Amino acid sequence: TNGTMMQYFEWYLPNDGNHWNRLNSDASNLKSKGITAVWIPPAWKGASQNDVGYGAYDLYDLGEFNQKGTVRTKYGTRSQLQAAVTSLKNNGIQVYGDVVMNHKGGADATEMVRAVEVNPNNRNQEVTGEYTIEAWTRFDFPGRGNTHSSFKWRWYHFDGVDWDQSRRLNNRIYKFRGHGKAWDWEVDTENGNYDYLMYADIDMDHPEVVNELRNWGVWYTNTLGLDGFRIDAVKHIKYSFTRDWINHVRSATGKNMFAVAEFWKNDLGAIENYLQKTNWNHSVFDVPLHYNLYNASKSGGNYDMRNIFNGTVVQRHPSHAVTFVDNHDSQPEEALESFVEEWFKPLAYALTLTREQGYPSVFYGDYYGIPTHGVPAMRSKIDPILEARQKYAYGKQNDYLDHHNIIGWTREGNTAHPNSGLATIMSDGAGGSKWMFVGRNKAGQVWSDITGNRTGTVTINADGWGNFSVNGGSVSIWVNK
Ligand SMILES: OC[C@H]1O[C@H](O[C@H]2[C@H](O)[C@@H](O)[C@@H](O[C@H]3[C@H](O)[C@@H](O)[C@@H](O[C@H]4[C@H](O)[C@@H](O)[C@@H](O[C@H]5[C@H](O)[C@@H](O)[C@@H](O[C@H]6[C@H](O)[C@@H](O)[C@@H](O)O[C@@H]6CO)O[C@@H]5CO)O[C@@H]4CO)O[C@@H]3CO)O[C@@H]2CO)[C@H](O)[C@@H](O)[C@@H]1O
Ligand SMILES: OC[C@H]1O[C@H](O[C@H]2[C@H](O)[C@@H](O)[C@@H](O[C@H]3[C@H](O)[C@@H](O)[C@@H](O[C@H]4[C@H](O)[C@@H](O)[C@@H](O)O[C@@H]4CO)O[C@@H]3CO)O[C@@H]2CO)[C@H](O)[C@@H](O)[C@@H]1O
Ligand SMILES: OC[C@H]1O[C@H](O[C@H]2[C@H](O)[C@@H](O)[C@@H](O[C@H]3[C@H](O)[C@@H](O)[C@@H](O)O[C@@H]3CO)O[C@@H]2CO)[C@H](O)[C@@H](O)[C@@H]1O
Ligand SMILES: OC[C@H]1O[C@H](O[C@H]2[C@H](O)[C@@H](O)[C@@H](O[C@H]3[C@H](O)[C@@H](O)[C@@H](O)O[C@@H]3CO)O[C@@H]2CO)[C@H](O)[C@@H](O)[C@@H]1O
Ligand SMILES: OC[C@H]1O[C@H](O[C@H]2[C@H](O)[C@@H](O)[C@@H](O)O[C@@H]2CO)[C@H](O)[C@@H](O)[C@@H]1O
Ligand SMILES: OC[C@H]1O[C@H](O[C@H]2[C@H](O)[C@@H](O)[C@@H](O)O[C@@H]2CO)[C@H](O)[C@@H](O)[C@@H]1O
Ligand SMILES: OC[C@H]1O[C@H](O)[C@H](O)[C@@H](O)[C@@H]1O
Ligand SMILES: [Ca+2]
Ligand SMILES: [Ca+2]
Ligand SMILES: [Ca+2]
Ligand code: NA
């Protein structure tokens, strides 16, 4: 019953064009482990074959056309992708496709465009007069032609770029000039106006652009049979556009598509504003929680575990939070590196997987490892927690975040799941024990640690209380197994 999604990729995967095939054959295994939804990496053609996908070149080329020196994407061909999707569907797993609509990179050619430079620290401040630059804004898709779509992109479909091919200057941001040209609003306010991020910034003020992206959203959904989306860089995209794009896609397909947006800012207030402005029609990744987990793992036991959920989306708006431990941007060497230390990772996953609030996600990099950076596969430690979520994490939740090192919570279970109920206890410091209430109807039951970290048993007393124990810097999940 409890749903769990998985980000099925990491940044440093090999460019072997065999990832779709890997996902294909891993489908039954994932379902058996408790995974109910899979977020697949960008499926379209990037600026090159080894692009992770965020250097989005052609959203209609899913590894089908000869463009950018390759037919397949880094992950494989369109047919292999479709085969992977079918495999997931046949195993009862929902599919969420990534969505990049903030920018387009790898333009086919440059164009001469009128523009003014703006302050990188305050994009609302123009720092030069108007002049002509050579920008990478032309997209004709020579390898695809008009197959699937005849829409061609030009400078007027964009708000700006960060590179003038004729002068090649560093640390510059160019805002295009022209009828109705201006940074979009509303967007995040860091740097004054955070509409611009990288590559050629799409202008959400252009009617043709809005219409085209909405149409692509539907094509994309119907072509792959997607059940939902993971929306990239939303703090840089006009808020109302994203809100209405999701509504349009849901209406056009007659499907209540699930959607999780990546609003990357360690600021609950900013995220709440985004949620209100998009009318709460979709979820968001709990970025603040990720940072709390990261900081806790770096504090050597001095993090006040009683505050692990403070300032988080899952605490404030549980229904709209997708909880994650790490992702492709927080992993080693990447842009937002803030990787939760290995010793704390099991505690982190227990915090997201065994509590009643939020929609938890498992990171491919954590589960299977990141060979290129010495990160071992942790599925052996994650699997027991996934089993706890699938069979035991049900019913009323009782919180015990009452100690700076040792915290815990219990689930009283429900009749829908046999023997359900659990008692999670963890410590970022010295080990110990804690008395916790699991329910009077559990009196006499002999519980054991599903993680295997503790080998003893805990007998629930006649009053429904158990004295649960945990080792130092570890997590134990006691259940009636
Ligand atoms: O032989 C090699 C190469 O040749 C050809 O490539 C040419 C290409 O076809 C042609 O379009 C042009 O490329 C232009 C490009 O079109 C322009 O848009 C421009 O691109 C630069 C972009 O504007 C910059 O913002 C910068 O992008 C950075 C971001 O700023 C970073 O933040 C980072 O973003 C990533 C982030 O870290 C991740 O967390 C995730 O969000 O993903 C993000 C995206 O990856 O990285 C990006 C990428 O570095 O730099 C862009 C340039 O790399 O300028 C380009 C020209 O400099 O010219 C190409 C060279 O002739 C051929 O087509 C290729 O197939 C072939 O590989
Ligand atoms: O957000 C990160 C950074 O993103 C941007 O930097 C990009 C550029 O936009 C790309 O154009 C590219 O830069 C190349 C450049 O195309 C290439 O000519 C060469 O640059 C030379 C330059 O021509 C020459 O005049 C002199 O200045 O030496 C340069 C270095 O040899 O090499 C560049 C680097 O590969 O890639 C960069 C990096 O992704 C944006 O402009 C930055 O402000 C921003 O920090
Ligand atoms: O029982 C052995 C040992 O248990 C306790 O040590 C735990 C630490 O209190 C706890 O913080 C954690 O230690 C990690 C550090 O926080 C981290 O910075 C880095 O050094 O990794 C450590 C784990 O590898 O976990 C340990 C238990 O492994 C107790 O404090 C000790 O006195 C006791 O000897
Ligand atoms: O994975 C299959 C399942 O995914 C989706 O369900 C998720 C919800 O979309 C999401 O809001 C979240 O809901 C839970 C709340 O976050 C939590 O606080 C508490 O209220 O429980 C809610 C679930 O009962 O997580 C679920 C996944 O469990 C999608 O909507 C379903 O249609 C799909 O079957
Ligand atoms: O430079 C001529 C013309 O370019 C742009 O107009 C675009 C328009 O935005 C598109 O929607 C479509 O109609 O193609 C036009 C170019 O042929 C500028 O927006 C416009 O001001 C300018 O006159
Ligand atoms: O329609 C606006 C609505 O916003 C808030 O309700 C949110 C709530 O805050 C979230 O936690 C979650 O439950 O989604 C709700 C919207 O469906 C306000 O609380 C509410 O008064 C207001 O009508
Ligand atoms: O530079 C990497 C990151 O730095 C800061 O966290 C910015 O808020 C974010 O937008 C950016 O992606
Ligand atoms: Ca605009
Ligand atoms: Ca933007
Ligand atoms: Ca502590
Ligand atoms: Na824009």
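Note that the numbering runs from 1 along the sequence shown for the chain. First listed ligand is number 1; within each ligand, the first listed atom is number 1. All heavy atoms count here, side chains included; hydrogens, waters and symmetry mates do not.
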Next on the checklist: Whether the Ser330 and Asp326 side chains hold a donor-acceptor pair (N or O, under 3.5 Å, no angle test) is what I'd like checked.
Outcome noted: yes
Next on the checklist: Any nitrogen or oxygen of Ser48, side chain or backbone, less than 3.5 Å from one on ligand 1?
Outcome noted: no
Next on the checklist: Hydrogens and angles aside, do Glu117 and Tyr131 bring a side-chain donor and acceptor to less than 3.5 Å of each other?
Outcome noted: yes
Checklist entry - Is any heavy atom of the protein nearer than 4.0 Å to atom 67 (O) of ligand 1? => result yes
Item to check | Ring-ring centroid check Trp163 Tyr196, cutoff 6.0 Å | outcome: no
Next on the checklist: Check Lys68 with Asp58, please: is the shortest side-chain N to carboxylate O separation under 4.0 Å?
Outcome noted: no
Item to check | Polar contact flag for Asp51 and ligand 1 (N/O pairs, less than 3.5 Å) | outcome: no
Next on the checklist: Please check: side-chain N/O of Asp286 versus main-chain N/O of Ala321, any donor-acceptor pairing under 3.5 Å?
Outcome noted: no
Checklist entry - Does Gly106, backbone or side chain, put an N or O under 3.5 Å from an N or O of ligand 1? => result yes
Checklist entry - Short N/O distance, under 3.5 Å, between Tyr54 and ligand 1? => result no
Checklist outcome for this item: Any protein N, O or S atom under 3.0 Å from the Na ion (ligand 11)? Found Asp159 OD2, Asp184 OD2, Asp195 OD1, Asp195 OD2, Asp201 OD2, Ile202 O
Checklist entry - Taking the side chain from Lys235 and the backbone from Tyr194, do they hold a donor-acceptor pair closer than 3.5 Å? => result no
Checklist entry - Is there a protein heavy atom at a distance of less than 4.0 Å from atom 2 (C) of ligand 1? => result no
Checklist entry - Going by atom types alone, do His148 and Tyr220 pair a side-chain donor with an acceptor below 3.5 Å? => result no
Checklist entry - Do you see a protein non-hydrogen atom under 4.0 Å from atom 63 (O) of ligand 1? => result yes
Item to check | Under the side-chain contact (heavy atoms from CB on, under 4.5 Å) test, residues paired with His328 that sit two or more places apart | outcome: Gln7, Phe9, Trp11, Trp39, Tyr54, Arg230, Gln331
Checklist outcome for this item: For atom 37 (O) of ligand 1, the closest protein heavy atom turns out to be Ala335 CB, 3.8 Å
Checklist entry - Does atom 25 (O) of ligand 1 have any protein heavy atom closer than 4.0 Å? => result yes
Checklist entry - Cut-off 3.5 Å, side chains only: do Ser469 and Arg454 have a donor facing an acceptor? => result yes
Item to check | Option among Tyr368, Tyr75, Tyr96, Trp20 that satisfies the side chain to side chain contact (heavy atoms under 4.5 Å, CB included) test with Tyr8 | outcome: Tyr368
Next on the checklist: Looking at ligand 1, would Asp162 count as a contact under a 4.0 Å heavy-atom criterion?
Outcome noted: yes
Item to check | Residue pair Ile308 / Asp428, side-chain heavy-atom distance below 4.5 Å | outcome: no
Item to check | Close N or O approach (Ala47, ligand 1; < 3.5 Å) | outcome: yes
Item to check | Test item: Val95 and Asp227 side chains (from C-beta on) under 4.5 Å apart, heavy atoms | outcome: yes
Checklist entry - Can a protein heavy atom be found under 4.0 Å away from atom 48 (C) of ligand 1? => result yes
Checklist entry - Is there a heavy atom of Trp11 sitting under 4.0 angstrom from any atom of ligand 1? => result yes
Item to check | Check ion pair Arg123-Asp159 (N to O, under 4.0 angstrom) | outcome: no
For residues 372-387, tabulate all N or O donor-acceptor pairs below 3.5 Å that involve a side-chain atom, not counting sequence neighbours.
unit_1: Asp383; atom_1: OD1; unit_2: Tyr367; atom_2: OH; d: 2.7
unit_1: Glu387; atom_1: OE2; unit_2: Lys391; atom_2: NZ; d: 2.8

Item to check | Minimum side-chain heavy-atom gap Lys175-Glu126 below 4.5 Å | outcome: yes
Next on the checklist: Any side-chain to backbone donor/acceptor pair from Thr189 onto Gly192? Under 3.5 Å, distance only.
Outcome noted: no
Item to check | Within-cutoff protein neighbour (heavy atom, under 4.0 Å) for atom 60 (C) of ligand 1 | outcome: no
Checklist entry - Of the choices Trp163, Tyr199, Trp264, which has the non-hydrogen atom that lies closest to atom 52 (C) of ligand 1? => result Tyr199
Checklist entry - Any luck finding a side-chain donor-acceptor pair between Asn247 and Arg214 under 3.5 Å? => result no
Item to check | Contact (N/O only, under 3.5 Å) between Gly105 and ligand 1 | outcome: no
Next on the checklist: For the backbone of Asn193 and the side chain of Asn191, can you confirm whether one donor and one acceptor N or O come within less than 3.5 Å of each other?
Outcome noted: no
Checklist entry - Is it the case that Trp343 and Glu341 place a side-chain donor and acceptor less than 3.5 Å from each other? => result yes
Checklist entry - At what distance is the nearest protein heavy atom to atom 30 (O) of ligand 1, and which residue and atom is it? => result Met198 CB, 3.6 Å
Next on the checklist: Checking a contact table here: which protein heavy atom is nearest atom 56 (C) of ligand 1, and how many Å away?
Outcome noted: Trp136 NE1, 4.1 Å
Checklist entry - Within the structure, does at least one protein heavy atom fall under 4.0 Å of atom 5 (C) of ligand 1? => result no
Item to check | Aromatic contact, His282 with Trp245 (centres under 6.0 Å) | outcome: no
Checklist entry - Among all protein non-hydrogen atoms, which one is nearest to atom 39 (O) of ligand 1, and what is the separation to 0.1 Å? => result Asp329 OD1, 2.6 Å
Item to check | Within the protein, residues bringing a heavy atom under 4.0 Å of ligand 3, chain by chain | outcome: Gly300, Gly301, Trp343, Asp428, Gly429, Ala430, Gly472, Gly473
Checklist entry - Got the closest protein heavy atom to atom 9 (O) of ligand 1, with its distance? => result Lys68 NZ, 2.7 Å
Item to check | Nearest-neighbour protein heavy atom for atom 11 (O) of ligand 1, which is reported as residue plus atom name and distance | outcome: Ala107 O, 2.6 Å
